[PDB]
>>> print(open('entry_30.cif').read())   # mmCIF, C-alpha atoms
data_entry
loop_
_atom_site.label_atom_id
_atom_site.label_comp_id
_atom_site.auth_asym_id
_atom_site.auth_seq_id
_atom_site.Cartn_x
_atom_site.Cartn_y
_atom_site.Cartn_z
CA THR R 2 96.77 80.43 91.29
CA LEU R 3 94.68 82.16 93.97
CA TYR R 4 90.92 81.79 94.22
CA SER R 5 89.07 84.76 92.74
CA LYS R 6 86.23 86.49 94.63
CA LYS R 7 83.94 84.85 92.11
CA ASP R 8 85.26 81.39 93.03
CA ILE R 9 84.66 82.14 96.71
CA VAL R 10 81.10 83.30 96.08
CA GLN R 11 80.31 80.07 94.25
CA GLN R 12 81.91 78.04 97.05
CA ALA R 13 79.91 80.00 99.61
CA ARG R 14 76.73 79.06 97.70
CA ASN R 15 77.78 75.43 97.81
CA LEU R 16 78.23 75.66 101.57
CA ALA R 17 74.75 77.16 101.86
CA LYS R 18 73.22 74.31 99.87
CA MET R 19 74.71 71.82 102.31
CA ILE R 20 73.61 73.97 105.25
CA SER R 21 70.10 73.75 103.80
CA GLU R 22 70.42 69.97 104.12
CA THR R 23 70.92 69.91 107.88
CA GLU R 24 68.52 68.73 110.60
CA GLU R 25 68.22 72.39 111.62
CA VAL R 26 66.84 73.57 108.27
CA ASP R 27 64.82 70.35 107.89
CA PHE R 28 63.17 71.31 111.21
CA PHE R 29 62.54 74.83 109.95
CA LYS R 30 60.95 73.52 106.76
CA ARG R 31 58.43 71.15 108.39
CA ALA R 32 57.68 73.79 111.05
CA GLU R 33 57.01 76.36 108.34
CA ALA R 34 54.71 73.91 106.55
CA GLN R 35 52.67 73.52 109.72
CA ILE R 36 52.04 77.24 110.30
CA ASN R 37 51.02 77.78 106.67
CA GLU R 38 48.26 75.21 107.20
CA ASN R 39 47.15 76.04 110.73
CA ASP R 40 43.74 77.73 110.72
CA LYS R 41 44.22 79.71 113.91
CA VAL R 42 47.45 81.23 112.57
CA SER R 43 45.62 82.13 109.37
CA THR R 44 42.74 83.76 111.25
CA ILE R 45 45.06 85.84 113.41
CA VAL R 46 47.42 86.87 110.62
CA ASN R 47 44.44 88.12 108.59
CA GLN R 48 42.99 90.09 111.49
CA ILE R 49 46.40 91.68 112.02
CA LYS R 50 46.53 92.54 108.31
CA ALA R 51 43.09 94.16 108.39
CA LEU R 52 44.01 96.21 111.46
CA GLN R 53 47.29 97.36 109.88
CA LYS R 54 45.16 98.61 106.99
CA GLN R 55 43.04 100.65 109.40
CA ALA R 56 46.17 101.92 111.12
CA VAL R 57 47.46 103.54 107.93
CA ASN R 58 44.02 105.09 107.46
CA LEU R 59 43.74 106.42 111.02
CA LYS R 60 47.15 108.09 110.90
CA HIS R 61 46.35 109.70 107.55
CA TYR R 62 43.21 111.27 109.07
CA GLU R 63 45.09 111.93 112.31
CA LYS R 64 42.70 109.88 114.46
CA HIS R 65 45.35 109.46 117.18
CA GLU R 66 43.10 108.17 119.98
CA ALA R 67 41.47 105.69 117.59
CA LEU R 68 44.89 104.64 116.32
CA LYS R 69 45.95 103.75 119.85
CA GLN R 70 43.06 101.30 120.11
CA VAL R 71 43.91 99.67 116.78
CA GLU R 72 47.52 99.39 117.92
CA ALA R 73 46.42 97.77 121.16
CA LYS R 74 44.34 95.25 119.19
CA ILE R 75 47.35 94.41 117.01
CA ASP R 76 49.59 93.91 120.06
CA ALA R 77 46.93 91.68 121.60
CA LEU R 78 46.74 89.56 118.45
CA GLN R 79 50.51 89.30 117.98
CA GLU R 80 51.01 87.99 121.50
CA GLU R 81 48.17 85.53 120.98
CA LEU R 82 49.93 84.37 117.81
CA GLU R 83 53.16 83.58 119.67
CA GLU R 84 51.23 81.42 122.17
CA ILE R 85 50.20 79.06 119.36
CA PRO R 86 52.02 75.69 119.47
CA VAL R 87 52.96 75.60 115.76
CA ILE R 88 54.20 79.17 116.04
CA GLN R 89 56.32 78.27 119.06
CA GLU R 90 57.77 75.44 116.96
CA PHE R 91 58.46 77.84 114.12
CA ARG R 92 60.25 80.30 116.40
CA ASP R 93 62.34 77.47 117.79
CA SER R 94 63.33 76.29 114.33
CA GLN R 95 64.17 79.86 113.28
CA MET R 96 66.57 80.17 116.21
CA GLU R 97 68.21 76.83 115.42
CA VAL R 98 68.87 78.00 111.85
CA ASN R 99 70.04 81.49 112.87
CA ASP R 100 72.37 80.02 115.50
CA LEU R 101 73.79 77.62 112.91
CA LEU R 102 74.42 80.47 110.50
CA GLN R 103 76.16 82.48 113.20
CA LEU R 104 78.32 79.47 114.01
CA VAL R 105 79.30 79.19 110.36
CA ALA R 106 80.19 82.90 110.27
CA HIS R 107 82.30 82.62 113.43
CA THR R 108 84.01 79.50 112.17
CA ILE R 109 84.89 81.11 108.84
CA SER R 110 86.10 84.27 110.58
CA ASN R 111 88.21 82.36 113.12
CA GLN R 112 89.68 79.96 110.57
CA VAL R 113 90.71 82.78 108.22
CA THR R 114 92.56 84.43 111.09
CA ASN R 115 94.26 81.13 111.90
CA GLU R 116 95.33 80.62 108.28
CA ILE R 117 96.67 84.18 108.10
CA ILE R 118 98.54 83.62 111.36
CA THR R 119 100.07 80.32 110.23
CA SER R 120 101.10 81.98 106.98
CA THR R 121 102.30 85.31 108.40
CA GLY R 122 102.34 85.24 112.19
CA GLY R 123 100.14 88.22 112.99
CA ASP R 124 101.08 91.89 113.30
CA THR L 2 71.21 61.45 105.35
CA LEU L 3 71.43 65.13 106.29
CA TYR L 4 74.69 66.92 107.08
CA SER L 5 75.39 67.18 110.81
CA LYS L 6 76.39 70.49 112.42
CA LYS L 7 79.85 68.97 112.75
CA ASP L 8 79.99 68.35 108.97
CA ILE L 9 79.00 71.96 108.34
CA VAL L 10 81.66 73.30 110.71
CA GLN L 11 84.35 71.31 108.89
CA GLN L 12 83.03 72.54 105.53
CA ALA L 13 83.03 76.10 106.83
CA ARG L 14 86.71 75.67 107.78
CA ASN L 15 87.42 74.44 104.27
CA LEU L 16 85.77 77.53 102.83
CA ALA L 17 87.91 79.69 105.09
CA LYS L 18 91.09 77.99 103.91
CA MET L 19 90.19 78.84 100.32
CA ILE L 20 89.23 82.38 101.36
CA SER L 21 92.73 82.65 102.84
CA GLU L 22 94.05 81.89 99.35
CA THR L 23 92.47 84.89 97.63
CA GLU L 24 94.15 88.04 96.29
CA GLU L 25 92.45 89.91 99.14
CA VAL L 26 94.14 87.92 101.92
CA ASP L 27 97.38 87.76 99.92
CA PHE L 28 97.30 91.58 99.94
CA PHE L 29 96.64 91.60 103.68
CA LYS L 30 99.56 89.26 104.32
CA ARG L 31 102.21 91.25 102.41
CA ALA L 32 100.83 94.49 103.86
CA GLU L 33 101.08 93.05 107.37
CA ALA L 34 104.68 91.97 106.69
CA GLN L 35 105.56 95.52 105.72
CA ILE L 36 104.23 97.19 108.89
CA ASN L 37 105.98 94.64 111.12
CA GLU L 38 109.28 95.73 109.56
CA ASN L 39 108.73 99.47 109.22
CA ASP L 40 110.83 101.39 111.75
CA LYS L 41 108.54 104.40 112.04
CA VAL L 42 105.57 102.15 112.87
CA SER L 43 107.71 100.42 115.49
CA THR L 44 108.80 103.71 117.05
CA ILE L 45 105.25 105.03 117.26
CA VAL L 46 103.69 101.80 118.52
CA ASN L 47 106.26 101.68 121.33
CA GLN L 48 105.68 105.29 122.34
CA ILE L 49 101.95 104.60 122.43
CA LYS L 50 102.62 101.54 124.61
CA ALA L 51 104.74 103.54 127.05
CA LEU L 52 102.09 106.26 127.30
CA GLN L 53 99.34 103.68 127.91
CA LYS L 54 101.46 102.45 130.80
CA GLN L 55 101.56 105.96 132.26
CA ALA L 56 97.83 106.33 131.69
CA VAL L 57 97.03 103.38 133.95
CA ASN L 58 99.36 104.89 136.55
CA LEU L 59 97.88 108.40 136.37
CA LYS L 60 94.32 107.15 136.79
CA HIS L 61 95.32 105.01 139.76
CA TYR L 62 96.77 108.10 141.49
CA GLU L 63 93.88 110.20 140.19
CA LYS L 64 96.12 112.64 138.32
CA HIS L 65 93.25 113.69 136.04
CA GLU L 66 94.82 116.82 134.52
CA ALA L 67 98.05 114.91 133.83
CA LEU L 68 96.05 112.03 132.37
CA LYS L 69 94.46 114.41 129.87
CA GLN L 70 97.90 115.33 128.54
CA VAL L 71 98.96 111.70 128.21
CA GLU L 72 95.70 110.98 126.37
CA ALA L 73 96.33 113.91 124.04
CA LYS L 74 99.81 112.54 123.31
CA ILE L 75 98.35 109.12 122.50
CA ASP L 76 95.75 110.61 120.15
CA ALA L 77 98.49 112.62 118.45
CA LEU L 78 100.60 109.49 117.93
CA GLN L 79 97.70 107.34 116.72
CA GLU L 80 96.77 109.83 114.03
CA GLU L 81 100.42 110.08 113.01
CA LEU L 82 100.46 106.29 112.72
CA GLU L 83 97.52 106.25 110.28
CA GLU L 84 99.31 108.76 108.03
CA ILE L 85 102.11 106.25 107.44
CA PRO L 86 102.06 104.73 103.92
CA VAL L 87 102.48 101.09 105.03
CA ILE L 88 99.76 101.62 107.61
CA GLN L 89 97.44 103.06 104.97
CA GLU L 90 98.15 99.93 102.90
CA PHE L 91 97.40 97.73 105.89
CA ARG L 92 94.07 99.47 106.55
CA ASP L 93 93.16 99.08 102.90
CA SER L 94 93.94 95.38 102.96
CA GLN L 95 91.97 94.92 106.19
CA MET L 96 88.91 96.44 104.53
CA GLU L 97 89.28 94.24 101.47
CA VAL L 98 89.32 91.14 103.67
CA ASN L 99 86.46 92.31 105.92
CA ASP L 100 84.35 93.19 102.87
CA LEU L 101 85.04 89.76 101.39
CA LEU L 102 83.99 88.06 104.61
CA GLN L 103 80.78 90.08 104.73
CA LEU L 104 80.07 89.10 101.14
CA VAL L 105 80.52 85.44 102.05
CA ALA L 106 78.14 85.84 105.00
CA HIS L 107 75.51 87.56 102.85
CA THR L 108 75.87 84.97 100.12
CA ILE L 109 75.46 82.08 102.56
CA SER L 110 72.49 83.79 104.21
CA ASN L 111 70.78 84.57 100.89
CA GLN L 112 71.42 81.15 99.38
CA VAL L 113 70.04 79.32 102.42
CA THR L 114 66.85 81.36 102.13
CA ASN L 115 66.65 80.51 98.43
CA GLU L 116 67.12 76.79 99.10
CA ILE L 117 64.45 76.87 101.81
CA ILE L 118 62.12 78.71 99.45
CA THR L 119 62.67 76.27 96.58
CA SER L 120 62.08 73.40 98.98
CA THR L 121 59.15 74.87 100.92
CA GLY L 122 57.94 78.10 99.33
CA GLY L 123 58.21 80.48 102.28
CA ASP L 124 55.68 81.20 105.02
#
>>> encode(input="entry_30.cif", output="structure tokens")
Amino acid sequence: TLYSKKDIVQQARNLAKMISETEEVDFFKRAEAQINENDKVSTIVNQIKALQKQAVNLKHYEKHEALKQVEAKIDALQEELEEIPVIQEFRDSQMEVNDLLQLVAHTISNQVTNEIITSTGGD
Amino acid sequence: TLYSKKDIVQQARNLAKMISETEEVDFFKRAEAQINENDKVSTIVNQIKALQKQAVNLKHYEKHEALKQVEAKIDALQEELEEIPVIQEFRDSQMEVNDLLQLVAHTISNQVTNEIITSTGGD
């Protein structure tokens, strides 16, 4: 009997659980732990939050010129955030995990095509 | 010990082999067999081929007006091709397989995030 879509979904979840037990995701997890504890990241994320609250207010009241300044402040803070060591580590771990996922997707896609070819021969 | 990228790739290939043994891919395979044997599809695909050969020639010699006619002929034939029953079946099977693959990708992506959350808690 053929695998049902339901079987495949369960098997895909099993693959994901193993993917979550790779050095890549292990890196992402400890990196994430470090940015949740870093004080500088906390200070900056809060300031950004506060400014985004003002932004919504300024646009409501159509304070365009004032909005531009708040937006400049947010851009300034976001770039500062990315300069932070633990943030750089986090971004690096994110990429490692996203690249791994893409590899899995390509592998699955390419293997399916191979299996279909070996079974049919292509059209 | 954590799974290595290599382990994951192998496991992804195993998932693909099972995916290739679903009703979806089984549908794609018998649909593909039918268009490779259909005479009308063969006639049209060959005519399209021949015209694409003329197209390359016309553009080389810069026969723009003439190229436009050859391109119109190709469009006419392609649409005729899609009207063919066995082709409609093939397109339907292709979608079933592509939708299944997308589901697998989403499932893997969403389960990884869940596993990371249950292990860390998110950032």
>>> interface_residues(input="entry_30.cif", of="chain L", to="chain R", cutoff="9 Å", atoms="all atoms listed in the file", output="PyMOL selection string")
chain L and resi 2-6+9-27+29-31+33-34+36-37+101-102+104-106+108-114+116-117+120-124
>>> calpha_fit_and_write(input="entry_30.cif", fixed="chain L", moving="chain R", output="mmCIF file with C-alpha atoms, keeping the file's coordinate frame")
data_model
loop_
_atom_site.group_PDB
_atom_site.id
_atom_site.type_symbol
_atom_site.label_atom_id
_atom_site.label_comp_id
_atom_site.auth_asym_id
_atom_site.auth_seq_id
_atom_site.Cartn_x
_atom_site.Cartn_y
_atom_site.Cartn_z
ATOM 1 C CA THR R 2 71.328 61.460 105.249
ATOM 2 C CA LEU R 3 71.461 65.116 106.327
ATOM 3 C CA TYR R 4 74.696 66.933 107.083
ATOM 4 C CA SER R 5 75.379 67.187 110.811
ATOM 5 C CA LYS R 6 76.388 70.498 112.438
ATOM 6 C CA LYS R 7 79.831 68.969 112.742
ATOM 7 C CA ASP R 8 79.987 68.355 108.979
ATOM 8 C CA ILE R 9 78.998 71.973 108.348
ATOM 9 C CA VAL R 10 81.656 73.302 110.711
ATOM 10 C CA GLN R 11 84.339 71.319 108.901
ATOM 11 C CA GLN R 12 83.030 72.536 105.535
ATOM 12 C CA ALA R 13 83.023 76.102 106.831
ATOM 13 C CA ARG R 14 86.706 75.663 107.774
ATOM 14 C CA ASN R 15 87.418 74.432 104.272
ATOM 15 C CA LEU R 16 85.759 77.525 102.832
ATOM 16 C CA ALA R 17 87.909 79.691 105.097
ATOM 17 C CA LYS R 18 91.091 77.992 103.909
ATOM 18 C CA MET R 19 90.193 78.840 100.325
ATOM 19 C CA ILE R 20 89.228 82.374 101.352
ATOM 20 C CA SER R 21 92.720 82.649 102.836
ATOM 21 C CA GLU R 22 94.045 81.892 99.348
ATOM 22 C CA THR R 23 92.473 84.894 97.643
ATOM 23 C CA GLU R 24 94.157 88.039 96.292
ATOM 24 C CA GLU R 25 92.449 89.914 99.136
ATOM 25 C CA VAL R 26 94.127 87.924 101.919
ATOM 26 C CA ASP R 27 97.380 87.746 99.924
ATOM 27 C CA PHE R 28 97.289 91.574 99.945
ATOM 28 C CA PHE R 29 96.634 91.599 103.680
ATOM 29 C CA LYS R 30 99.554 89.256 104.317
ATOM 30 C CA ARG R 31 102.213 91.235 102.411
ATOM 31 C CA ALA R 32 100.823 94.486 103.863
ATOM 32 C CA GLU R 33 101.083 93.055 107.368
ATOM 33 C CA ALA R 34 104.668 91.969 106.686
ATOM 34 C CA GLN R 35 105.556 95.526 105.724
ATOM 35 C CA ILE R 36 104.234 97.184 108.899
ATOM 36 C CA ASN R 37 105.986 94.640 111.128
ATOM 37 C CA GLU R 38 109.281 95.732 109.563
ATOM 38 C CA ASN R 39 108.731 99.468 109.220
ATOM 39 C CA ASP R 40 110.831 101.389 111.746
ATOM 40 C CA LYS R 41 108.541 104.389 112.034
ATOM 41 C CA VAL R 42 105.577 102.141 112.870
ATOM 42 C CA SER R 43 107.710 100.416 115.492
ATOM 43 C CA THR R 44 108.800 103.714 117.048
ATOM 44 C CA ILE R 45 105.248 105.023 117.258
ATOM 45 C CA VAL R 46 103.687 101.800 118.520
ATOM 46 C CA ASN R 47 106.259 101.683 121.337
ATOM 47 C CA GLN R 48 105.680 105.298 122.334
ATOM 48 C CA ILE R 49 101.946 104.597 122.430
ATOM 49 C CA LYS R 50 102.617 101.543 124.608
ATOM 50 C CA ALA R 51 104.745 103.538 127.048
ATOM 51 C CA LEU R 52 102.093 106.254 127.306
ATOM 52 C CA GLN R 53 99.328 103.689 127.903
ATOM 53 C CA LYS R 54 101.458 102.449 130.797
ATOM 54 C CA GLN R 55 101.563 105.958 132.259
ATOM 55 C CA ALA R 56 97.833 106.334 131.692
ATOM 56 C CA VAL R 57 97.029 103.386 133.956
ATOM 57 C CA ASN R 58 99.362 104.891 136.555
ATOM 58 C CA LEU R 59 97.883 108.398 136.372
ATOM 59 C CA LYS R 60 94.318 107.156 136.795
ATOM 60 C CA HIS R 61 95.318 105.007 139.767
ATOM 61 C CA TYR R 62 96.766 108.096 141.497
ATOM 62 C CA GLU R 63 93.879 110.200 140.189
ATOM 63 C CA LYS R 64 96.124 112.644 138.311
ATOM 64 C CA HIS R 65 93.240 113.700 136.038
ATOM 65 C CA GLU R 66 94.822 116.820 134.513
ATOM 66 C CA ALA R 67 98.048 114.909 133.835
ATOM 67 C CA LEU R 68 96.054 112.031 132.367
ATOM 68 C CA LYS R 69 94.458 114.388 129.863
ATOM 69 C CA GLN R 70 97.893 115.334 128.549
ATOM 70 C CA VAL R 71 98.957 111.698 128.203
ATOM 71 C CA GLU R 72 95.703 110.994 126.380
ATOM 72 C CA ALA R 73 96.332 113.899 124.037
ATOM 73 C CA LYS R 74 99.821 112.542 123.297
ATOM 74 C CA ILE R 75 98.362 109.114 122.501
ATOM 75 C CA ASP R 76 95.753 110.619 120.155
ATOM 76 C CA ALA R 77 98.496 112.616 118.450
ATOM 77 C CA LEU R 78 100.593 109.488 117.935
ATOM 78 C CA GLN R 79 97.701 107.328 116.720
ATOM 79 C CA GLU R 80 96.765 109.829 114.032
ATOM 80 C CA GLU R 81 100.408 110.078 113.005
ATOM 81 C CA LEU R 82 100.449 106.282 112.717
ATOM 82 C CA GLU R 83 97.515 106.249 110.286
ATOM 83 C CA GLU R 84 99.314 108.762 108.030
ATOM 84 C CA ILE R 85 102.116 106.248 107.435
ATOM 85 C CA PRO R 86 102.067 104.732 103.917
ATOM 86 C CA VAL R 87 102.485 101.091 105.023
ATOM 87 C CA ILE R 88 99.760 101.615 107.603
ATOM 88 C CA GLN R 89 97.441 103.055 104.962
ATOM 89 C CA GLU R 90 98.154 99.927 102.905
ATOM 90 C CA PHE R 91 97.392 97.734 105.890
ATOM 91 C CA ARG R 92 94.076 99.474 106.545
ATOM 92 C CA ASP R 93 93.158 99.068 102.898
ATOM 93 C CA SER R 94 93.944 95.363 102.948
ATOM 94 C CA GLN R 95 91.971 94.921 106.183
ATOM 95 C CA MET R 96 88.903 96.442 104.534
ATOM 96 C CA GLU R 97 89.275 94.238 101.456
ATOM 97 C CA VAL R 98 89.319 91.140 103.680
ATOM 98 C CA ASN R 99 86.456 92.315 105.919
ATOM 99 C CA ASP R 100 84.338 93.189 102.876
ATOM 100 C CA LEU R 101 85.038 89.755 101.394
ATOM 101 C CA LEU R 102 83.990 88.065 104.615
ATOM 102 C CA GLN R 103 80.785 90.084 104.730
ATOM 103 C CA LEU R 104 80.072 89.104 101.137
ATOM 104 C CA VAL R 105 80.522 85.451 102.043
ATOM 105 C CA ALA R 106 78.143 85.847 105.000
ATOM 106 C CA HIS R 107 75.511 87.557 102.842
ATOM 107 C CA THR R 108 75.873 84.969 100.118
ATOM 108 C CA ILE R 109 75.460 82.083 102.558
ATOM 109 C CA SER R 110 72.485 83.782 104.213
ATOM 110 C CA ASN R 111 70.777 84.575 100.895
ATOM 111 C CA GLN R 112 71.422 81.152 99.381
ATOM 112 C CA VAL R 113 70.034 79.327 102.428
ATOM 113 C CA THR R 114 66.845 81.358 102.130
ATOM 114 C CA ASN R 115 66.647 80.517 98.430
ATOM 115 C CA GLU R 116 67.116 76.796 99.098
ATOM 116 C CA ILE R 117 64.455 76.876 101.821
ATOM 117 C CA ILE R 118 62.118 78.715 99.456
ATOM 118 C CA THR R 119 62.670 76.277 96.582
ATOM 119 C CA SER R 120 62.084 73.404 98.986
ATOM 120 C CA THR R 121 59.142 74.872 100.918
ATOM 121 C CA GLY R 122 57.950 78.105 99.336
ATOM 122 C CA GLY R 123 58.206 80.483 102.275
ATOM 123 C CA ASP R 124 55.677 81.192 105.023
#
>>> atom_distance(input="entry_30.cif", atom1="CA of residue 43 (chain L)", atom2="CA of residue 90 (chain L)")
15.8 Å
>>> atom_distance(input="entry_30.cif", atom1="CA of residue 91 (chain L)", atom2="CA of residue 39 (chain L)")
11.9 Å
>>> atom_distance(input="entry_30.cif", atom1="CA of residue 48 (chain L)", atom2="CA of residue 81 (chain L)")
11.7 Å
>>> residues_around(input="entry_30.cif", residues="residue 50 (chain R)", least_positions_apart="3", cutoff="12 Å", atoms="only C-alpha atoms", output="list in words")
residues 43, 44, 45, 46, 47, 53, 54, 55, 56, 57, 71, 72, 74, 75, 78 and 79 of chain R
>>> closest_residue(input="entry_30.cif", among="R:119, R:96, R:59, R:40", to="residue 82 (chain R)", atoms="all atoms listed in the file")
R:40
